[PDB]
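Here we start with a single chain on its own, the form deposited in one PDB entry, put down as structure tokens.
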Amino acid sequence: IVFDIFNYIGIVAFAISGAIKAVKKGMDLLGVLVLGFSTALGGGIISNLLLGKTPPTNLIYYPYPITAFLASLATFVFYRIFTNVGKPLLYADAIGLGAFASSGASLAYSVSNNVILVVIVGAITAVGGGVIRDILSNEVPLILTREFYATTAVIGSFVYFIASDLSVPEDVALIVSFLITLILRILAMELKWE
């Protein structure tokens, strides 16, 4: 059940991050929806393609794109009203990074217990939405500008792999991977490691 919850958490968090980016770039409602939608679902779609899972879950399981839409719309309405309140793009991205590094590693592990597949596909699941967000926004992505960003995704997917290898129950393994990924991002941002 933790797996199902993490999919929704990551979709909402990445939708908020993509919608925030759109608002900061001056876009209006429909363009904000496009960037939130793409950021929220891109990581899962890329991950499914790499694992040969077609059609991708994000394009068939109705609650996922509906959630991406509604979270992006809520973000637009929020900042259309409250134009001068802070825009935590990086914290929204970091929560999504933990939710998808853990859930993305879990999906890769179900295909094969190859550590390279699990760690790299999990990390691609985690950063993929934000990479799409940043490329569509015509700027250098966070995976290059933030020194510890992509490696923290790699670490979070690796701790999922290790926990699963050590027979840790899937719910616990997802939670621990999420926690380490998010804590490492919080430390990077709050301690000015980047």
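Here, rigid core means the biggest group of C-alpha atoms that superpose within 1.5 Å across both forms. Start at 1 and count along the sequence shown; that's the residue number.
Another form, the form deposited in another entry, is not on view; read the next lines as being about it.
Once both forms are overlaid on the rigid core, the distance between the two CA positions of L49 between the shown form and the other one is under 2 angstroms. Annotation: Cα of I81 displaced by at least 2 Å between the shown form and the other one, core superposition. Relative to the superposed core, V121 shifts its CA atom by less than 2 Å between the shown form and the other one. The pair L107 and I9 separates in the other entry: their C-alpha atoms are at least 3 Å more distant from each other than in the form depicted. Relative to this form, in the other entry the C-alpha atoms of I180 and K87 approach one another by 3 angstroms or more.
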